[PDB]
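Contents: one structure, followed by commentary.
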Amino acid sequence: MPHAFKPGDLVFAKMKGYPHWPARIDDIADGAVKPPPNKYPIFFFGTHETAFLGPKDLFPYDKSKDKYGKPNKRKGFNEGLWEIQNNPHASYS
Numbered sequence: 001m002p003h004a005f006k007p008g009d010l011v012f013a014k015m016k017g018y019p020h021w022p023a024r025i026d027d028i029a030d031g032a033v034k035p036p037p038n039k040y041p042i043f044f045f046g047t048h049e050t051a052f053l054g055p056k057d058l059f060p061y062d063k064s065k066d067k068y069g070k071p072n073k074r075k076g077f078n079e080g081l082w083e084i085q086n087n088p089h090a091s092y093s
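When the letters of the sequence shown are read in order and numbered with UniProt numbering, they come out as residues 1 to 93.
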């Protein structure tokens, strides 16, 4: 069965005025800003941006990749698809 979201989960994260985007749940580093309550830190593949998102905006990857894992023209997108398929636990420093 399903559990709660945890650092390392792979997902597609929806944000207003964007397509479902390759993304991961991040850990919080020591000293680093916590997310609001009930939100998680979301690291977007390709663009390398962060955001703070509740589950209603989080589609787990395996289930969803057939729907949302397709090329898109937006900046970062197709890099992002590469990352989540090929090295999704990497350090993108």
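All residues carry an ideal CB built from backbone N, CA and C; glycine is no exception.
(1) Are there 16 or more other CB atoms within 10 angstroms of the CB of residue 20, so buried, or fewer, so exposed?
(2) Let me make sure I understand the geometry here. Which of 37, 59, 24 has the alpha-carbon closest to that of residue 49?
(3) Residues bridged to residue 25 by DSSP?
(4) Give a yes or no on whether the C-beta atoms belonging to residue 12 and residue 64 are separated by under 8 Å.
(5) Could you check where the beta strand (DSSP E) with residue 52 kicks off and where it finishes?
(6) Mind checking whether residue 47 and residue 69 have CB atoms under 8 Å apart?
(7) Apart from the five residues on each side of it in sequence, which residues of its chain come closer than 8 Å, Cβ to Cβ, to residue 90?
Judging by the given coordinates:
(1) Flag for residue 20 reads buried.
(2) When each option's Cα is compared against that of residue 49, the closest is 24.
(3) According to DSSP, residue 25 shares a beta bridge with 42.
(4) It is a contact, given that the beta carbons lie within the stated cut-off.
(5) For residue 52, the uninterrupted beta strand (DSSP E) segment begins and ends at 50-53.
(6) No, these two residues do not count as a Cβ contact at 8 Å.
(7) Same-chain partners within the cutoff: 83.
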